[PDB]
C-alpha cells in the first residue's frame, strides 16, 4: 500500500511555489511548463495543496535537468536506471526535483519517458510519499506508460493522510 518517509515529513503550508532553473532541449519549453503544471495538478485535485510557478528567486520546489554529478552528492547514472529524483519536504534542497537529461523526455508516447508521469511521481516524493507496491500506482518504483493516466486509490489515500482532501 502507500508509504511515507520514516519521519512523516510534510509541508506546513498549502500554498507552494516552484521554479524551473533549466529546461530539457528534448521538449518545447511550453510543453515542459504544461507537463510540470499538470503533474502538480494531479496532486492538487485531491488535496488543498496549491502549486504556483515563479521565474526568479528561491522556490520551494527548484526544478532542474542534469546528468551524472549535478551537484548534490546523488549522481545520475546515464541512460536508463534512475529517471529522476526528489527530496522529501523541507528547507533548501528539500522538495527540489531533478531529472536525468541522459534520458529522452517525451509527452503522450510509448517511446522515451513521459515528463508528465515522471514529474508527477517525483513530485509525489517532494510531497512526502514513498513508493507503493501497487503496480497501477503512480508511486510504483517501476516506470509504465499509459495513454490515459489516473490516480489509483492508493495514491489518493496516502496523500490525503498527509494533507487532507480537497476543500473545493
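Residue numbers count along the first chain shown, from 1.
- Of the two segments examined, 30-38 and 130-138, it is 130-138 that shows the higher average Cα temperature factor in the deposited entry.
- Stretches 100-108 and 58-66 differ in mean C-alpha B factor, with the higher average recorded for 58-66.
- For residue 76, the recorded CA B-factor ranks within the middle third of the chain. Only modelled residues enter the ranking.
- When all modelled residues of the chain are sorted by CA temperature factor, residue 17 is found within the lowest third.
- Among the modelled residues of its chain, residue 153 has a C-alpha B-factor that falls in the highest third according to the deposited record.
- Per the PDB record, residue ranking by Cα B-factor puts residue 144 in the middle third of the chain.
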